[PDB]
Amino acid sequence: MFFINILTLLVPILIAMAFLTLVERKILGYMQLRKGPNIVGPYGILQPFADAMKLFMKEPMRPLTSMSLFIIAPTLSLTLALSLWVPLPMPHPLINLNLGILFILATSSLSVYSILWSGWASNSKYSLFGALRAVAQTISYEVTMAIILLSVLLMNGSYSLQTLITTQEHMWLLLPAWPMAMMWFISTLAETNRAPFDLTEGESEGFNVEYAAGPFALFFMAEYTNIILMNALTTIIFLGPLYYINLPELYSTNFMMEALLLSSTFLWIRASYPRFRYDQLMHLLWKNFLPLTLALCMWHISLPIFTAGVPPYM
Amino acid sequence: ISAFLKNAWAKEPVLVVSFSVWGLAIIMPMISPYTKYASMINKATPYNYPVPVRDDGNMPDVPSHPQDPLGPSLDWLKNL
Amino acid sequence: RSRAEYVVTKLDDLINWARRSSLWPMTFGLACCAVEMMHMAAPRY
Amino acid sequence: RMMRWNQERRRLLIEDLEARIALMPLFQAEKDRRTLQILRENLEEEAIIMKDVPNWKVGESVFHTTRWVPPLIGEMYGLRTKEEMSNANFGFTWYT
Amino acid sequence: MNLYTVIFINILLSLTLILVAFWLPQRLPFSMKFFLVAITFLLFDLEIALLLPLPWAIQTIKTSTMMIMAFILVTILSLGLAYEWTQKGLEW
Amino acid sequence: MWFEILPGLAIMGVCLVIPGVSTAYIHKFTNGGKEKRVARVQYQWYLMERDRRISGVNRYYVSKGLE
Amino acid sequence: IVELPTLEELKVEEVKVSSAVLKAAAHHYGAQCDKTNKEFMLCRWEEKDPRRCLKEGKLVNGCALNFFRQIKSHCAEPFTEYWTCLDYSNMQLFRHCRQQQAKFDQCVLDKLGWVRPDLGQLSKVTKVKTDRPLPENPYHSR
Ligand SMILES: COC1=C(OC)C(=O)C(CC=C(C)C)=C(C)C1=O
C-alpha cells in the first residue's frame, strides 16, 4: 500500500501543480479584461500539458558552463519542493515526523542553493548578479520566516505539524497571532519569489536566464508546487481547517478550500502590485519586520507563562 | 517628548509597536495572577514514575491507595 | 492500427499540437510595429 | 481562549501520563521476565555453540563486580535473528 | 525507511524529468554589504538555533530562569541589530 | 465571464483533496480498520510492540477481555 | 557465572490484553491493587537487580489478573464498548471517548464499588511497608 500512498500525494499534487499555472493565466486574465487561454482543449484544461510537451521537446542547450551544477540545480529544486509535501499533515500525514516543522524549515532552506548553483553554472553576468541578490533575500526572509514559526510552536507545544490540529480545535491561530500571519504571508510571498517580492528573473532577462526546455521546467514545476505548499502551511499553521475525528475528509475538504483561496491570493497579489526594489525588499525584512518579529517572539514566550497557558508537550 | 512619539507613531510605526511589545512581555510576567501556575502546572505533570518510599512509620505520605486524602493535590489545576 | 507509419503520424501530430498550441514569442520591438503587437497582447485581441 | 484551551489540554495530559504511571509497574515486570529469559535463551545456545572452545567459561561478566547490570541491546538480540536486532535498533527511528 | 522510500521516488521523478529533457529532443565583489548581510544571517541563524529548544524548555520546572534567559538572548541580539542600524550597516 | 476560471480550479481542488482523503484511508485499511497508531515517545512504541507480541503478528489485532 | 534465573522460575500467567484495554482501565487498575503494584515497584527500585524482586512481580500480574476477572464478571460490555472506541483513536486519547467512559465508570461504582480516581491522586507518592529491608550495599561496592 504505502507505495500507492506515494503516488497519491505526488501525482495528485503534480496534476494540481499543472492546473495552478492555468488558474494563474486565467485569473490574471480576467482581472486584466481578457479571457486567458481557453482555445486549446475545453476552457484551457489541456493548456498546461501542451507547453510541458513543447518545453521538453525543445533543445536543452548546454552553454559553451558547468554540466552538473547545471543539472543538479533543477533536480534539487523539484526534489525539495515535492519532498516537503511528504510530512504535510492533511488529515493524517504520510510520514509523521515528531520534529516536522524543522523538516519543512530545513528543506526550504536547501532550495536557496539551487538558485546559487544555477547562477554560478550559467557563467554569464546576468545569472551571477541575479543569483547573489536572490540568495540574499531568500535567506534574509528565512531569518524572520523561522522566528515567526518559533513563536507559533511555543503556543503549540511541539514541532510536529500534527499537534496543531489539536491546538486549533476551538479557534484558528489567526485570531491569536494574526500579526504574524500577515508576516508569514508576506514571507511566504518572498520565499516563493512571487510578485511583490520577485526581483530575480524579472522583466530583466536571473537563474532561468540560461535555462530552457527541461531544466526550465523542473524549477518551474518546483516553484509552483512550492507556491502551493507554503500556502498549504499557512492553511495548517494559521488557518486551522475544522477537524472531526469521525470523518477525516472535511478537514481535507476545508484544507482544499483555504489552500486554493490563499493560493488564489498570491495570484491576485501579483497582478495587483508593482515589484519592490532589491534594497526596498531587504529594508522591509531587516527594518520593518525583524524588529516586529523578535519582539512578538518574546511576547509569545511571555503570553504562555503569565497567562498560565504553557502548552502541553505531546 | 510627545512628538518623539506622535511622529514616530505616524512615520516609523513599526519600531514603536516593536518596542512596546518587547516591554509588555517584560512586564506581564512580573505582574500577573497566573505566572506562578506555570512552574506548578508544569511541575505537577507527572512524567517519570513516582517511586514509593518505605514506611518506617510516623509519615504523612499517602499509604496504600493513592486516593488517600493525604499528599499533594492539583485541585488548583482543576477549576483553574 | 499498428503498421508503424500510422503510429508515427499520430505521434508527430501530438508533437506538432504541443508546439503549435503553446508558442512563446519574444518581441525585439524594433520601431513601431511593436505598438501594434502590444495591442495583440492587450484585451481586444 | 488559547489560555483556557491549553489549561484544559494540560488537564488531559496529566491524566495520560498518570495512566502510564499506573501501568508502569506491570510493564516493568513483563520486561524483566522477558529480558531475563532472553538472556537465558541466547546463553543456553551459547553453551551449545561455544561448546568445544578451550578455556571457555560458558559466560562471565566482562566486568569484575558481580552486580546486576542491565543488558545492552546487542547482548539481548545479538545472537538472535538479524531482523529482531534490526527492529530494536532501527525500529523507532522508523515510525510504526 | 518509510521516508527513504518516498525520497528516492522523489529524486527518481526529478532525474527522470531531466533525462527526458536531454534525451527527448534528439567578477566584482562590490557588495561587501552582500557579504555583510550574509554574516548577519548566520549570527541570526545561530541565534535561532539557541532559540529552537524553547518549546521543550517551556516545560522546564524553573520557568523564571527560562524566560530570564530567553528574554536576555532575544534582547542582546536585537541590540546587535540595533547597532547594525546605527552605523552604516544594513543600509546596503 | 469569470465563470470559466472554475474549470481549472475544480481540477486543482480535486487534486488536493485526493491526497488528504487517500492518505487517511490507506492508513485505516493497512492498519486493520483503526487509525495508524502514532508512536511519538518510547512508551507509545512499547505498548505498540507489546501489543504485537501480545497476539498474531500485527498490532491492529487487539485481544480483549476474552483472552 | 551469571546466575540468570531459570524459565520455570519466571513463568507466570500473562495479562496479554491490548494496550488499549489497559489504558481504558488504567485508572481503575491504578486504584485497585495499587498496594501490590507499589510493593513490587519499591522492591524494584532499591535492589537494582530484577533477580531479587521477581516473586513480587508474579504477584503484580496475579492481582491484575483477578482485577480483570472481576470486570468480566460484572460490567464487562460497558468496558467492551469503552475500549473499542478508545482503541480506534491513533493516540488512544481519553477525551474522544467520554460518553462510553461515563457508563463504564458509573456501572462498576454501582456494582464493583470501585471508583475512578479524581484528577491526580495516583501521581502522589505512596508509602508501602515491605518485609525485606534495603540492603546497605546496593551497588555492592568495595
Ligand atoms: C516600444 O518599445 C518596446 C517595449 O518597451 C516600451 C517593449 O517592452 C516591447 C515588448 C512588448 C511585448 C509585446 C512583449 C516592445 C515590443 C517594444 O518595442
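- In terms of determination method and resolution, the entry is listed under cryo-EM at 3.3 Å.

**As for the side chain of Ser14(E)**
Then comes step 1: Looking at where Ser14(E) falls in the secondary structure, it is placed in helix α1 (residues 2-23).
Then comes step 2: Side chain to side chain, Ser14(E) and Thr79(A) meet in a polar contact 3.0 Å long.
Then comes step 3: If we skip the residues at most four places from it in the chain, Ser14(E) touches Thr75(A), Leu78(A), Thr79(A) and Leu218(A).

**Looking at empty space enclosed by the protein**
Then comes step 1: Considered as a void within the structure, the largest cavity measures approximately 100 Å³ in volume.
Then comes step 2: As for the largest cavity, its lining consists of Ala29(D), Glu30(D), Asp32(D), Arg33(D), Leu10(G), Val12(G), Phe40(G), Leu54(G), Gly57(G), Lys58(G) and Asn61(G).
Then comes step 3: Its residues assigned to classes, the lining of the largest cavity shows 5 nonpolar, 2 polar and 4 charged.
Then comes step 4: The space that makes up the second largest cavity amounts to roughly 70 Å³.
Then comes step 5: Looking at the second largest cavity, the residues that line it are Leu23(D), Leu26(D), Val15(G), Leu22(G), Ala25(G), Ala26(G), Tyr29(G), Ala64(G) and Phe68(G).
Then comes step 6: Secondary-structure elements contributing two or more residues to the lining of the second largest cavity are α1 (2-49) of chain D together with α1 (19-31) and α3 (54-73) of chain G.
Then comes step 7: When residues of the lining of the second largest cavity are assigned to their parent elements, the largest contribution, 4 residues, is made by α1(G).
Then comes step 8: For the lining of the second largest cavity, the per-class residue count stands at 9 nonpolar, no polar and no charged.

**Some details on the interface of chain A and chain E**
Then comes step 1: Every contact between the two is made by 57 residues of chain A and, on the other side, 45 residues of chain E.
Then comes step 2: Together chain A and chain E conceal approximately 4,900 Å² of surface at their shared face, both sides included; 85% is due to carbon and sulfur atoms.
Then comes step 3: Applying the counting criterion to the chain A and chain E interface returns 0 salt bridges.
Then comes step 4: At the junction of chain A with chain E, the criterion picks out 6 residue pairs in polar contact.
Then comes step 5: Broken down by secondary-structure element, the contributors of at least two residues to the side of chain A that touches chain E are α3 (47-57), α4 (72-83), α6 (125-154), α9 (214-237) and α11 (278-306) of chain A.
Then comes step 6: When residues of the side of chain A that touches chain E are assigned to their parent elements, the largest contribution, 13 residues, is made by α11(A).

**Here we look at the interface of chain A and chain C**
Then comes step 1: At the junction of the two partners, chain A supplies 14 residues and chain C supplies 10 residues.
Then comes step 2: Here chain A and chain C share an interface that buries about 1,000 Å² over both sides, 75% of which is from carbon and sulfur atoms.
Then comes step 3: Contact with chain C buries surface across chain A, with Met53(A), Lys54(A) and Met57(A) losing the most and accounting together for 45% of the total.
Then comes step 4: Viewed at the interface, chain C and chain A are joined by 0 salt bridges.
Then comes step 5: Inspection of the chain A/chain C interface yields 0 residue pairs in polar contact.
Then comes step 6: It is α3(A) that contributes the most residues to the side of chain A that touches chain C, 7 residues altogether.
Then comes step 7: Its residues assigned to classes, the side of chain A that touches chain C shows 8 nonpolar, 2 polar and 4 charged.

**Overview of the site of the ligand**
All names here are of chain C.
Then comes step 1: Near the ligand, the surroundings consist of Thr-27, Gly-29, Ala-34, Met-37 and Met-38.
Then comes step 2: Contact distances for the ligand include 2.7 Å between an oxygen atom and a backbone N or O atom of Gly-29.
Then comes step 3: When isolated, the ligand has an accessible area of 440 Å², and the protein chains bury 50% of it.
Then comes step 4: Of the residues contributing to the shell around the ligand, the split by class is 3 nonpolar, 2 polar and no charged.

**Focus on the nonpolar core**
Then comes step 1: Core analysis: the largest hydrophobic core is formed by 140 residues, its most contacted members being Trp85(A), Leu88(A), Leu233(A), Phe238(A) and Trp286(A).
Then comes step 2: Sorting elements by how many residues they give to this core places α11(A) first, with 18 residues.
Then comes step 3: Listed in part, the 39 residues of the second largest apolar core include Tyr49(B), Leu22(G), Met41(G) and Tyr82(G).

**Here's the deal with the pattern of salt bridges**
Then comes step 1: One pass over the full model with this rule turns up 23 salt bridges over all chains.
Then comes step 2: Two residues, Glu15(D) and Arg116(G), come together in a salt bridge whose shortest N-O distance is 2.9 Å. Taken as a pair, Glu15(D) in helix α1 and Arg116(G) in the loop between α5 (99-110) and β1 (126-127) lie in two separate chains rather than in one.

**Topic: the state of the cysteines**
Then comes step 1: Here the structure, examined in full by the defined rule, presents 4 disulfides over all chains.
Then comes step 2: Two residues share a disulfide in this structure: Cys43(G) and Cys53(G), whose sulfurs sit 2.0 Å from each other. Between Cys43(G) and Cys53(G), the disulfide has an S-S torsion of -75° and is therefore left-handed. Taken together, the residues span a long stretch of sequence, with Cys43(G) in helix α2 (residues 34-46) and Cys53(G) in the loop between α2 and α3 at a distance of 10 residues. As far as burial versus exposure is concerned, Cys43(G) and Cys53(G) are alike and both buried.
Then comes step 3: The side chain of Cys75(G) participates in a disulfide bridge whose partner is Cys107(G); the two sulfur atoms lie 2.1 Å from each other. Residue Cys75(G) is found in the loop between α3 and α4 (76-88), and its partner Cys107(G) is found in helix α5; the two are separated by 32 residues along the sequence. When sorted by exposure, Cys75(G) lands in the same class as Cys107(G), which is buried.
Then comes step 4: You can see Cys32(C) has no disulfide; the closest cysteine sulfur is in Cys33(C), sitting 4.3 Å from it.

**Quick look at the packing of α3(A) against helix α1 (residues 4-21) of chain C**
Then comes step 1: At a closest axis distance of 8 Å, the pairing of α3(A) and α1(C) adopts a crossing angle of 105°. It follows from the interaxial angle that α3(A) and α1(C) lie roughly perpendicular. Taking contact as the criterion, the partners of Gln47(A), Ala50(A), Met53(A), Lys54(A) and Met57(A) in α3(A) are, on α1(C), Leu14(C), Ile15(C), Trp17(C), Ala18(C), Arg19(C) and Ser21(C).
Then comes step 2: In the contact of α3(A) with α1(C), the residues fall into 7 nonpolar, 2 polar and 2 charged.

Cut-off values and rules
The numbering shown runs from 1 along each chain in the order of its written sequence and may not match that of the entry; residues for which no coordinates exist are omitted. Note on labels: chains are lettered from A, ligands numbered from 1, in written order. These chains belong to a larger assembly; all numbers given describe just the chains displayed. Hydrogens are left out, water is left out, and the side-chain values use all remaining heavy atoms of the structure. Strands are runs of DSSP state E lasting at least two residues, helices are runs of H or I lasting at least four, and both sets are numbered from the N terminus onward. Within 3.5 Å is the distance limit for a polar contact, defined as a pair of N or O atoms, with the added protein rule that one can donate a hydrogen and the other accept it, and that residues adjacent in sequence qualify only through two side-chain atoms. Only heavy atoms matter for contacts: two residues are in contact if any of them lie within 4.5 Å across the pair. In this analysis the probe radius is 1.4 Å and the grid spacing 1 Å, with only protein atoms considered; a cavity is a set of points the probe fits into but cannot get out of, a pocket is an open set with protein on both sides within 12 Å along at least five of seven lines, and lining residues have an atom within 4 Å of a point. Grid points are joined across faces, edges and corners, and a volume is the space filled by probe spheres set on the points. Each residue gets one of three labels, nonpolar for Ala, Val, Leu, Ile, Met, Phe, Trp, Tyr, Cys and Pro, charged for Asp, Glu, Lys and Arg, and polar for the others, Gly among them. Buried area counts how much accessible surface, traced with a 1.4 Å probe, disappears from two parts once they are put together, with both parts' losses summed. A pair is scored as a salt bridge if a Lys or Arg side-chain nitrogen falls within 4 Å of a carboxyl oxygen belonging to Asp or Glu. Residue proximity to a molecule or strand is established when one non-hydrogen atom of the residue lies within 4 Å of it. Every accessible area reported is derived by Shrake-Rupley at a probe size of 1.4 Å, with residue values counting cover from the shown protein chains alone. Residues grouped as a nonpolar core are buried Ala, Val, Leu, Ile, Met, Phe, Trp, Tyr and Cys residues, joined through side-chain atoms within 4.5 Å. In this scheme, a residue with accessible area under 20% of its type's maximum is buried, one over 50% is exposed, and one in between is partly exposed, where area comes from a 1.4 Å probe on protein chains only. Disulfide assignment relies on a single distance test, namely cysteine sulfur atoms paired within 2.5 Å. Between the N-to-C directions of two axes lies an angle of 0 to 180 degrees, each axis being a line fitted to C-alpha atoms and, for a helix, fitted only over the stretch in contact. An angle counts as roughly parallel when it lies under 35 degrees, as roughly antiparallel when it exceeds 145, as roughly perpendicular when it falls between 65 and 115, and as oblique in every other case.

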